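So this block is target05.txt, compact mmCIF, C-alpha atoms and all ligand atoms:
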```txt
# COMPACT_ATOMS: atom_id res chain seq x y z
CA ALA A 1 58.35 -3.39 -85.52
CA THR A 2 54.72 -3.70 -84.44
CA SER A 3 53.04 -5.36 -81.48
CA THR A 4 49.90 -7.30 -80.66
CA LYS A 5 47.55 -6.39 -77.76
CA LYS A 6 48.59 -7.58 -74.25
CA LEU A 7 46.22 -9.87 -72.38
CA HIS A 8 43.41 -8.03 -70.69
CA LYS A 9 40.77 -8.83 -68.19
CA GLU A 10 37.09 -8.54 -69.00
CA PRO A 11 34.28 -8.57 -66.52
CA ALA A 12 31.88 -11.48 -66.16
CA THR A 13 29.25 -12.59 -63.66
CA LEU A 14 29.00 -15.99 -61.97
CA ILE A 15 26.14 -18.18 -63.06
CA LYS A 16 27.40 -21.34 -61.40
CA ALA A 17 30.50 -23.22 -60.40
CA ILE A 18 30.66 -26.56 -62.14
CA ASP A 19 33.78 -28.42 -60.91
CA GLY A 20 37.39 -27.72 -60.02
CA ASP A 21 38.33 -26.28 -63.41
CA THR A 22 35.02 -25.39 -64.99
CA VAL A 23 32.74 -22.45 -64.23
CA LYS A 24 29.71 -21.03 -66.05
CA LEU A 25 29.68 -17.23 -66.37
CA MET A 26 27.55 -14.58 -67.92
CA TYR A 27 29.92 -13.00 -70.42
CA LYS A 28 28.82 -10.00 -72.48
CA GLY A 29 25.26 -10.90 -71.53
CA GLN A 30 25.32 -14.56 -72.71
CA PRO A 31 26.03 -17.70 -70.74
CA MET A 32 29.36 -19.37 -71.45
CA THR A 33 30.96 -22.39 -69.77
CA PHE A 34 34.64 -21.67 -69.19
CA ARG A 35 37.34 -24.28 -68.89
CA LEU A 36 40.37 -22.95 -67.03
CA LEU A 37 43.57 -22.79 -69.08
CA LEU A 38 46.67 -24.73 -68.25
CA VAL A 39 45.13 -26.86 -65.45
CA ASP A 40 43.52 -30.17 -64.74
CA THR A 41 41.61 -30.83 -61.55
CA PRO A 42 40.56 -34.33 -60.54
CA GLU A 43 37.10 -35.33 -61.53
CA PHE A 44 34.53 -35.01 -58.77
CA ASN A 45 34.49 -38.78 -58.25
CA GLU A 46 38.32 -39.04 -57.99
CA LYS A 47 40.53 -38.37 -54.97
CA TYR A 48 40.68 -34.62 -54.25
CA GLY A 49 37.88 -33.97 -56.81
CA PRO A 50 35.40 -32.77 -54.24
CA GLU A 51 38.02 -30.58 -52.59
CA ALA A 52 38.99 -29.07 -55.93
CA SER A 53 35.33 -28.39 -56.79
CA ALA A 54 34.74 -26.83 -53.43
CA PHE A 55 37.87 -24.66 -53.60
CA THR A 56 36.83 -23.16 -56.95
CA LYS A 57 33.23 -22.82 -55.94
CA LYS A 58 34.16 -20.89 -52.83
CA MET A 59 36.61 -18.69 -54.75
CA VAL A 60 34.08 -17.74 -57.40
CA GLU A 61 30.95 -17.46 -55.20
CA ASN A 62 32.70 -15.19 -52.67
CA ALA A 63 34.12 -12.91 -55.35
CA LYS A 64 32.68 -9.43 -55.75
CA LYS A 65 34.50 -9.18 -59.07
CA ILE A 66 35.06 -12.02 -61.57
CA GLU A 67 37.21 -11.46 -64.63
CA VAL A 68 37.89 -13.48 -67.74
CA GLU A 69 41.30 -13.24 -69.48
CA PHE A 70 41.65 -14.99 -72.81
CA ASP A 71 45.14 -15.94 -73.85
CA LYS A 72 46.55 -15.19 -77.33
CA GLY A 73 45.50 -18.40 -79.07
CA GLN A 74 42.35 -20.55 -79.24
CA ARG A 75 39.43 -19.14 -77.30
CA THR A 76 37.20 -22.21 -77.31
CA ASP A 77 37.68 -25.92 -76.95
CA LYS A 78 36.12 -28.57 -79.22
CA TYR A 79 33.23 -28.85 -76.80
CA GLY A 80 32.37 -25.19 -77.07
CA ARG A 81 33.78 -24.14 -73.73
CA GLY A 82 35.63 -20.85 -73.43
CA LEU A 83 39.32 -21.20 -72.58
CA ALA A 84 40.56 -18.56 -70.15
CA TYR A 85 42.28 -17.52 -67.04
CA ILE A 86 39.63 -16.65 -64.45
CA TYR A 87 40.23 -14.11 -61.68
CA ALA A 88 38.29 -13.64 -58.48
CA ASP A 89 38.92 -10.22 -56.86
CA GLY A 90 42.27 -10.13 -58.65
CA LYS A 91 43.42 -13.61 -57.66
CA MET A 92 43.80 -16.12 -60.51
CA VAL A 93 41.74 -19.21 -59.83
CA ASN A 94 43.94 -21.26 -62.16
CA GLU A 95 47.04 -20.35 -60.17
CA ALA A 96 45.35 -20.80 -56.79
CA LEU A 97 44.28 -24.34 -57.65
CA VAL A 98 47.75 -25.30 -58.74
CA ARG A 99 49.36 -23.68 -55.73
CA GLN A 100 47.07 -25.65 -53.42
CA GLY A 101 47.96 -28.96 -55.07
CA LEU A 102 44.32 -29.31 -56.32
CA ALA A 103 45.24 -29.11 -59.98
CA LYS A 104 48.14 -30.22 -62.16
CA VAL A 105 49.60 -28.08 -64.86
CA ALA A 106 48.17 -29.64 -68.00
CA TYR A 107 46.91 -28.99 -71.51
CA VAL A 108 49.84 -26.65 -72.15
CA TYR A 109 49.60 -25.53 -75.78
CA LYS A 110 52.14 -23.10 -77.10
CA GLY A 111 49.38 -20.92 -78.59
CA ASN A 112 47.91 -20.28 -75.15
CA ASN A 113 50.80 -20.49 -72.72
CA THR A 114 51.19 -17.01 -71.27
CA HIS A 115 51.00 -18.08 -67.61
CA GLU A 116 52.84 -21.38 -68.02
CA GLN A 117 55.88 -20.46 -66.02
CA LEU A 118 53.76 -18.83 -63.25
CA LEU A 119 51.75 -21.96 -62.84
CA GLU A 120 54.77 -24.28 -63.01
CA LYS A 121 56.22 -22.19 -60.15
CA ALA A 122 53.06 -22.72 -58.16
CA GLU A 123 53.05 -26.48 -58.90
CA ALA A 124 56.68 -26.78 -57.75
CA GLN A 125 55.81 -25.15 -54.46
CA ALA A 126 52.74 -27.40 -54.01
CA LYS A 127 54.90 -30.46 -54.66
CA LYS A 128 57.56 -29.31 -52.17
CA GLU A 129 54.81 -28.79 -49.61
CA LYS A 130 53.35 -32.22 -50.38
CA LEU A 131 49.86 -30.80 -50.76
CA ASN A 132 46.82 -32.81 -51.89
CA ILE A 133 47.58 -34.53 -55.19
CA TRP A 134 51.30 -34.36 -54.39
CA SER A 135 51.05 -35.60 -50.82
CA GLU A 136 52.45 -39.04 -51.89
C1 LIG B 201 42.44 -26.81 -70.76
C2 LIG B 201 41.99 -27.30 -72.09
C3 LIG B 201 41.13 -28.38 -72.22
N1 LIG B 201 40.75 -28.83 -73.44
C4 LIG B 201 39.82 -29.94 -73.57
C5 LIG B 201 40.54 -31.19 -73.99
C6 LIG B 201 39.84 -32.30 -73.25
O1 LIG B 201 38.95 -32.92 -74.18
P1 LIG B 201 39.50 -34.26 -74.89
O2 LIG B 201 39.92 -35.21 -73.88
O3 LIG B 201 38.22 -34.78 -75.64
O4 LIG B 201 40.63 -33.80 -75.79
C7 LIG B 201 38.97 -31.59 -72.29
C8 LIG B 201 39.16 -32.05 -70.91
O5 LIG B 201 38.17 -31.39 -70.11
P2 LIG B 201 37.89 -31.68 -68.60
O6 LIG B 201 39.26 -31.76 -67.92
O7 LIG B 201 36.99 -30.54 -68.15
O8 LIG B 201 37.21 -33.05 -68.42
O9 LIG B 201 39.32 -30.24 -72.33
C9 LIG B 201 41.20 -28.21 -74.57
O10 LIG B 201 40.83 -28.60 -75.71
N2 LIG B 201 42.03 -27.16 -74.50
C10 LIG B 201 42.49 -26.73 -73.32
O11 LIG B 201 43.26 -25.78 -73.30
CA CA B 202 39.40 -32.09 -65.05
```
What would the structure in this file look like if it were written as structure tokens?
Amino acid sequence: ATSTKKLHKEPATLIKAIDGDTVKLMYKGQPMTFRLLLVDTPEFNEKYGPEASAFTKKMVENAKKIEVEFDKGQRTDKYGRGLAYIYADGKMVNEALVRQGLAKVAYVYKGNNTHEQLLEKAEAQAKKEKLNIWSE
């Protein structure tokens, strides 16, 4: 029996926060726009959009340490964005959004589903707490 490498976190530096689920980072010395895996925040012009954007922006701008964690499948989307879990001082932004009710679990592809159950747990707690997108 053999194994594959576990997921691992790589450093990156903030260039700018874009919206609730998109952030531009300097990764291995080149700019890359990352789309957060497994999540969908409202668009800025939709209900809770601004709040989602602001939550991510604050999380990434206040972080001393940002990390990128690719999953085991596709690394880029069809628009060229990197697909990753993003951590800010050890806290997963993807998870934090979902837990706050500012993102839905979404875009769940079996190739890239490592934190599916973690995020579904967060979503269930956000729904029970009637936060944000779940408030009605
Ligand atoms: C999260 C994620 C998004 N996407 C793409 C699909 C959506 O484009 P299509 O609708 O053209 O398929 C797009 C949504 O991005 P935004 O939610 O940033 O608007 O993100 C992936 O392809 N893979 C993924 O894992
Ligand atoms: Ca979105």
Which chains and residue numbers are within 12 Å of ligand CA 202 (chain B), counting all atoms listed in the file, if I want them as a PyMOL selection string? chain A and resi 18-23+35-50+52-53+97+102-107
Surrounding residues of region 116-127 of chain A excluding itself and chain neighbours under 3 positions, 8 Å, only C-alpha atoms, as a PyMOL selection string: chain A and resi 38+94-95+98-101+104-105+108+113+130-131+134-135
Counting all atoms listed in the file, the residue of A:3, A:76, A:132, A:30 that sits nearest ligand LIG 201 (chain B):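 Closest to ligand LIG 201 (chain B) of all the choices is A:76.
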Leaving out residue 27 (chain A) and any residue of its chain fewer than 3 positions from it, which residues lie within 8 Å of it when counting only C-alpha atoms, given as number ranges by chain? A: 11-13, 30-32
Go ahead and dump the residues you just picked, C-alpha atoms, as an mmCIF file, in the frame of the given file.
```
data_model
loop_
_atom_site.group_PDB
_atom_site.id
_atom_site.type_symbol
_atom_site.label_atom_id
_atom_site.label_comp_id
_atom_site.auth_asym_id
_atom_site.auth_seq_id
_atom_site.Cartn_x
_atom_site.Cartn_y
_atom_site.Cartn_z
ATOM 1 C CA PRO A 11 34.280 -8.570 -66.520
ATOM 2 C CA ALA A 12 31.880 -11.480 -66.160
ATOM 3 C CA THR A 13 29.250 -12.590 -63.660
ATOM 4 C CA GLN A 30 25.320 -14.560 -72.710
ATOM 5 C CA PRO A 31 26.030 -17.700 -70.740
ATOM 6 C CA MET A 32 29.360 -19.370 -71.450
#
```
Enter the distance from CA of residue 73 (chain A) to CA of residue 10 (chain A), in Å, rounded to one decimal.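 One can read the CA of residue 73 (chain A) to CA of residue 10 (chain A) distance as 16.4 Å.
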Could you put an axis-aligned box around every listed atom of ligand LIG 201 (chain B), padded by 5 Å on each side, and send me its centre and edge lengths in Å to one decimal, as lines of an AutoDock Vina configuration file?
```
center_x = 40.1
center_y = -30.5
center_z = -71.9
size_x = 16.3
size_y = 19.4
size_z = 17.9
```
In terms of all atoms listed in the file, the residue from A:55, A:87, A:79, A:109 at minimal distance from residue 14 (chain A) is A:87
Separation of CA of residue 67 (chain A) from atom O11 of ligand LIG 201 (chain B), in Å and rounded to one decimal: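 Result for CA of residue 67 (chain A) versus atom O11 of ligand LIG 201 (chain B): 17.8 Å, one decimal.
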One decimal, in Å: what's the spacing between CA of residue 83 (chain A) and CA of residue 28 (chain A)?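 For CA of residue 83 (chain A) relative to CA of residue 28 (chain A), the distance reads 15.4 Å.
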Nearest to residue 25 (chain A), chosen from A:6, A:75, A:81, A:91, with only C-alpha atoms counted in the distances: A:81
Counting all atoms listed in the file, the residue of A:51, A:129, A:77, A:71 that sits nearest ligand LIG 201 (chain B):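 Of A:51, A:129, A:77, A:71, the one nearest ligand LIG 201 (chain B), counting all atoms listed in the file, is A:77.
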Need to verify the contact set: region 57-63 of chain A, 7 Å, all atoms listed in the file, exclusion of same-chain residues closer than 6 positions in sequence. Can you return it as an NGL selection string? :A and (17 or 88-89)
Deliver the residues from the most recent selection as a file, using C-alpha atoms, as a short mmCIF file (atom, residue, chain, number, x, y, z; two decimals), keeping the file's coordinate frame.
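Below is the file selection_6.cif, written as the result:
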```cif
data_model
loop_
_atom_site.label_atom_id
_atom_site.label_comp_id
_atom_site.auth_asym_id
_atom_site.auth_seq_id
_atom_site.Cartn_x
_atom_site.Cartn_y
_atom_site.Cartn_z
CA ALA A 17 30.50 -23.22 -60.40
CA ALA A 88 38.29 -13.64 -58.48
CA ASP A 89 38.92 -10.22 -56.86
#
```
Kindly indicate which residue among A:93, A:133, A:33, A:65 lies nearest to ligand LIG 201 (chain B), using all atoms listed in the file for the distances.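 Smallest distance to ligand LIG 201 (chain B) is found for A:33.
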Would you mind writing region 26-47 of chain A with N, CA, C and O atoms, as a CSV table (one decimal), keeping the file's coordinate frame?
```csv
chain,number,residue,atom,x,y,z
A,26,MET,N,28.3,-15.4,-67.0
A,26,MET,CA,27.6,-14.6,-67.9
A,26,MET,C,28.6,-13.6,-68.5
A,26,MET,O,29.1,-12.7,-67.7
A,27,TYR,N,28.9,-13.7,-69.8
A,27,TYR,CA,29.9,-13.0,-70.4
A,27,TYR,C,29.3,-12.2,-71.6
A,27,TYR,O,28.7,-12.8,-72.5
A,28,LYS,N,29.4,-10.9,-71.5
A,28,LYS,CA,28.8,-10.0,-72.5
A,28,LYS,C,27.3,-10.4,-72.6
A,28,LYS,O,26.8,-10.4,-73.8
A,29,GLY,N,26.7,-10.6,-71.5
A,29,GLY,CA,25.3,-10.9,-71.5
A,29,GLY,C,24.8,-12.3,-72.0
A,29,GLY,O,23.6,-12.4,-72.2
A,30,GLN,N,25.7,-13.2,-72.3
A,30,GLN,CA,25.3,-14.6,-72.7
A,30,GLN,C,26.1,-15.6,-71.9
A,30,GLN,O,27.2,-15.4,-71.4
A,31,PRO,N,25.4,-16.7,-71.6
A,31,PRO,CA,26.0,-17.7,-70.7
A,31,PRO,C,27.1,-18.4,-71.5
A,31,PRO,O,26.9,-18.8,-72.6
A,32,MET,N,28.2,-18.6,-70.8
A,32,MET,CA,29.4,-19.4,-71.4
A,32,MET,C,30.0,-20.2,-70.3
A,32,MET,O,30.2,-19.7,-69.3
A,33,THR,N,30.2,-21.5,-70.7
A,33,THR,CA,31.0,-22.4,-69.8
A,33,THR,C,32.4,-22.2,-70.1
A,33,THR,O,32.8,-22.4,-71.2
A,34,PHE,N,33.2,-21.8,-69.1
A,34,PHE,CA,34.6,-21.7,-69.2
A,34,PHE,C,35.4,-22.8,-68.6
A,34,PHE,O,35.1,-23.2,-67.5
A,35,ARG,N,36.3,-23.3,-69.4
A,35,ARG,CA,37.3,-24.3,-68.9
A,35,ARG,C,38.6,-23.5,-68.6
A,35,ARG,O,39.1,-22.9,-69.5
A,36,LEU,N,39.2,-23.7,-67.4
A,36,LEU,CA,40.4,-23.0,-67.0
A,36,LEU,C,41.6,-23.5,-67.8
A,36,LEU,O,41.9,-24.6,-67.9
A,37,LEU,N,42.3,-22.5,-68.4
A,37,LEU,CA,43.6,-22.8,-69.1
A,37,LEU,C,44.6,-23.3,-68.2
A,37,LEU,O,44.7,-23.0,-67.0
A,38,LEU,N,45.4,-24.3,-68.8
A,38,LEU,CA,46.7,-24.7,-68.2
A,38,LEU,C,46.6,-25.7,-67.0
A,38,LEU,O,47.6,-26.0,-66.4
A,39,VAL,N,45.4,-26.1,-66.7
A,39,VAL,CA,45.1,-26.9,-65.4
A,39,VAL,C,44.2,-28.1,-65.6
A,39,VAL,O,43.5,-28.2,-66.6
A,40,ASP,N,44.4,-29.0,-64.7
A,40,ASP,CA,43.5,-30.2,-64.7
A,40,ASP,C,43.2,-30.6,-63.3
A,40,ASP,O,44.2,-30.9,-62.6
A,41,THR,N,42.0,-30.4,-62.8
A,41,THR,CA,41.6,-30.8,-61.6
A,41,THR,C,41.1,-32.3,-61.6
A,41,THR,O,40.6,-32.7,-62.7
A,42,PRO,N,41.2,-33.0,-60.5
A,42,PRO,CA,40.6,-34.3,-60.5
A,42,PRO,C,39.1,-34.2,-60.8
A,42,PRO,O,38.5,-33.2,-60.4
A,43,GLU,N,38.5,-35.2,-61.4
A,43,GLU,CA,37.1,-35.3,-61.5
A,43,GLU,C,36.5,-35.4,-60.2
A,43,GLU,O,37.1,-35.9,-59.3
A,44,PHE,N,35.2,-35.0,-60.1
A,44,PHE,CA,34.5,-35.0,-58.8
A,44,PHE,C,34.6,-36.4,-58.1
A,44,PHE,O,34.6,-36.5,-56.9
A,45,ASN,N,34.5,-37.5,-58.8
A,45,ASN,CA,34.5,-38.8,-58.2
A,45,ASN,C,35.9,-39.3,-57.9
A,45,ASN,O,36.0,-40.5,-57.5
A,46,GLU,N,36.9,-38.6,-58.2
A,46,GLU,CA,38.3,-39.0,-58.0
A,46,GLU,C,38.8,-38.4,-56.7
A,46,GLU,O,38.2,-37.4,-56.3
A,47,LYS,N,39.9,-39.0,-56.1
A,47,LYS,CA,40.5,-38.4,-55.0
A,47,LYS,C,40.9,-36.9,-55.2
A,47,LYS,O,41.5,-36.6,-56.2
```
